Amino acid sequence: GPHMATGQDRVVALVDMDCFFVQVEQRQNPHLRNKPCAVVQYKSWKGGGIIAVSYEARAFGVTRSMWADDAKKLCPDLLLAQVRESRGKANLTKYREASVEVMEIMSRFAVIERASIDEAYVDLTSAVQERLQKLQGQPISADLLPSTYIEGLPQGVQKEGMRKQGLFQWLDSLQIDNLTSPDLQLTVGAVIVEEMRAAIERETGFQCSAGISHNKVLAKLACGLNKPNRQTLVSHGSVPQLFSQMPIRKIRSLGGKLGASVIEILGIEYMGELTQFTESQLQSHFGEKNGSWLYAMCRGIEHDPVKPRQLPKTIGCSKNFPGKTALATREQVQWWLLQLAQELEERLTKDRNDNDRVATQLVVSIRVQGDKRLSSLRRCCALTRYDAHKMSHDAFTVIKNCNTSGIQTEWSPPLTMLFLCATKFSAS
DNA sequence: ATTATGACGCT
DNA sequence: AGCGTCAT
Ligand SMILES: Nc1ncnc2c1ncn2[C@H]1C[C@H](O)[C@@H](CO[P@](O)(=S)OP(=O)(O)OP(=O)(O)O)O1
Ligand SMILES: [Ca+2]
Ligand SMILES: [Mn+2]
């Protein structure tokens, strides 16, 4: 009882942009606003591959990883914006720069952890404490939470009507005398996230969703519950009902083989069902670390910190060469290594000026035709100068005798992927 | 021919 | 180090 940790020590949010690359293109081109539209990479093969989809277009069944020609079968009036191509490859700079706009605004409110190009975790624990005793124990008005859902409420017929009804039940039950009530802390966190999201939209034009809970996994889960342009508070008390029908694969890190093994080995389907195993039972099947993590996580408890990191730790350039485009000659491999290295140099040089740091290691990865995996081979060398010709020459030297062909001018087996990655940054 | 990334774990 | 997993 008195000694049972409940994982209610922190207030953590996750802010995730709505259909991010699409909003970037819609800001630039007003003709795309409020339309079914998608962002596509390349064009010659099946109209290009879709990587982002507006909510209007999702209503027609358009999804990521769909060919545009196929999306057009579902949505004939679908509008498209193409990813920039430079040096023969897709170039994501516009979206990385739009990401920085958003991350810099979020950083004004609290320290953030960049979790992807379009989302960040926020540790709001300290900000909440400050706002709380600036409030003098004043009640929190529904007006301060105009886009907030309280997961699990109302309990005991507009969609907005349901939202407000749930919010009212929550606020009516809130205890404001205690400055250490976890539920109150989450509520103040939600107030701050409304402010953050309003600042993002005002200053960039971009809308986003957010989750507010006591840890990163619940905040991420919460965020997705009421997308787009809304935020969701998942309280500790909401967890048993929420998890009672929550497929295991929906929890971050359980979407792959581990999650499948939990389902298989234990013969369960939902996150809540994990509570019926001992910590040692879970460790026996899934390992010491995973076992302890699952034991806590199915009770809504997780301790992974919000890391103070706003900038990516690596800067990489990659390109696939599928089917008959697979690289089969030396000069082909060399030319594409150079294209990659030139984009990498551009990004590295910018990074050095912006962020006062230098990469020290170059990682070279390839895939060969007929191979199992994402990467067939990974090798490193020293990154001593931001020079594309040197980096491409060094990458070639490193992947040199992967070529099994006796013919030296020819390359076999053909390469279906090249990847250059700058790593191991040092302050400068 | 589901591409371009990017973080972290294992040994 | 080099490979694997999982995520966006
Ligand atoms: N698998 C993959 N390949 C290439 N690019 C991706 C992929 N997944 C996501 N992205 C890009 C393009 C997205 O706009 C952006 C953010 O991804 P997410 O958050 S999964 O989806 P969004 O497009 O922002 O819609 P949503 O968050 O509102 O559901 O990253
Ligand atoms: Ca998003
Ligand atoms: Mn995202």
Side-chain angles (χ1 to χ4, degrees), chain A residues 14 16-21 39-53 63-71 82-96 99 113-121 216-217 220-221 223-224 249-261 286-290 293 304-305 307 309-326 339-340 343-344 347 361-367 369 371-382 398-399 402 416-425:
Chain A
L14 182 278
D16 184 278
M17 309 304 298
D18 298 332
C19 53
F20 187 43
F21 289 13
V39 173
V40 70
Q41 266 172 344
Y42 304 114
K43 252 270 177 171
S44 299
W45 188 266
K46 295 179 169 300
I50 291 176
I51 59 173
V53 188
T63 64
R64 171 175 302 119
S65 99
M66 187 170 269
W67 302 115
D69 287 350
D70 294 336
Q82 298 178 244
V83 173
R84 176 186 189 193
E85 281 178 54
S86 307
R87 308 179 193 78
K89 67 181 296 295
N91 191 297
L92 306 176
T93 297
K94 188 194 298 183
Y95 314 108
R96 285 191 189 99
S99 179
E113 176 183 344
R114 178 197 199 271
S116 78
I117 198 168
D118 92 318
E119 74 210 81
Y121 296 90
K216 290 202 273 180
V217 162
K220 176 62 176 176
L221 186 66
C223 181
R249 66 178 178 274
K250 303 300 188 176
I251 276 64
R252 191 182 179 279
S253 82
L254 300 183
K257 293 178 177 185
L258 175 59
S261 79
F286 311 114
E288 183 164 6
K289 194 158 57 59
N290 288 334
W293 185 90
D304 189 29
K307 292 161 187 54
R309 185 187 54 77
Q310 178 167 0
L311 308 170
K313 296 184 171 188
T314 59
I315 296 182
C317 293
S318 73
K319 182 164 176 54
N320 293 349
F321 304 92
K324 283 187 129 127
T325 72
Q339 306 316 295
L340 287 183
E343 180 185 325
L344 187 58
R347 283 164 62 192
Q361 185 176 71
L362 178 74
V363 176
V364 188
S365 179
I366 67 180
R367 189 182 183 193
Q369 187 172 355
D371 189 302
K372 327 201 266 283
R373 310 147 285 180
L374 177 35
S375 170
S376 299
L377 186 91
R378 201 139 181 149
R379 299 276 195 272
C380 59
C381 69
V398 143
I399 66 163
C402 277
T416 54
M417 185 273 293
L418 298 176
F419 193 0
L420 301 178
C421 187
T423 69
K424 294 196 187 318
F425 286 89

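We name chains A, B, ... by the order of the sequence lines, and we start the count at 1 in each one. Computed from heavy atoms alone, side chains included, the values below leave out hydrogens, waters and symmetry copies.
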Under 3.5 Å: donor-acceptor pair, side chain of A:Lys313, backbone of A:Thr423: no
Spacing between A:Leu377 atom CG and C:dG2 atom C1', to the nearest angstrom: 9 Å
Plane angle bin for A:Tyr95 and A:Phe21 - parallel if under 30°, tilted between 30 and 60°, otherwise perpendicular: parallel
Length of the line joining A:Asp304:CG and C:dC6:P, which is rounded to integer Å: 16 Å
Qualifying residues under side-chain contact (heavy atoms from CB on, under 4.5 Å), relative to A:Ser253, sequence neighbours excluded: A:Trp293
Under 4.0 Å protein heavy-atom contacts per nucleotide of nucleotides 2-7 of chain B, with B for base, S for backbone only and - for none: BBSBSS
A:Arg249 side-chain N/O to C:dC6 phosphate OP1/OP2 under 4.0 Å: no
Sugar-phosphate only, base, or nothing, as touched by A:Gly49 at under 4.0 Å among non-hydrogen atoms: nothing
Sugar-phosphate only, base, or nothing, as touched by A:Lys46 at under 4.0 Å among non-hydrogen atoms: nothing
Whole angstrom value for the distance that separates P of B:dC8 from CG of A:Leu254: 17 Å
Rounded distance in Å - CG (A:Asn290) to P (C:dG4): 18 Å
Of A:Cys380 and A:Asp16, the one whose closest DNA chain C nucleotide lies more 5': A:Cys380
5'-most by nearest nucleotide on DNA chain C - A:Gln361 or A:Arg373: A:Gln361
A:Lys257 side-chain proximity, nearest of C:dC3, B:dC10, C:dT5: C:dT5
For atom CG of A:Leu14 and atom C1' of C:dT8, their distance in whole Å: 12 Å
P gap between B:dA1 and C:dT8, integer Å: 26 Å
Nearest-Å distance for atom pair CZ/P, residues A:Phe286 and B:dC10: 15 Å
N/O donor-acceptor pair under 3.5 Å between A:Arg347 side chain and A:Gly316 backbone: yes
A:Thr416 (side chain) donor-acceptor with A:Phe321 (main chain) under 3.5 angstrom: no
Length of the CD-P vector between A:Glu288 and B:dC10, whole Å: 11 Å
Touch class at under 4.0 angstrom, heavy-atom based, for A:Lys372 against every strand present: nothing
A:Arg252 side chain vs A:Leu221 backbone, donor-acceptor pair below 3.5 Å: no
Expected output: side-chain A:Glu119 to main-chain A:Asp16 donor-acceptor under 3.5 Å: no
Of the listed nucleotides C:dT8, B:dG9, B:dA1, the one nearest the side chain of A:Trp45: B:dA1
Nucleotide nearest A:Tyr121 (side chain, heavy atoms from C-beta), chosen from B:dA1, C:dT5, C:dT8: C:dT8
Distance in angstrom units between A:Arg252 CZ and B:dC8 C1', rounded: 9 Å
Minimal non-hydrogen separation, A:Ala326 against A:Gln369, with atom names: CB-OE1, 3.8 Å
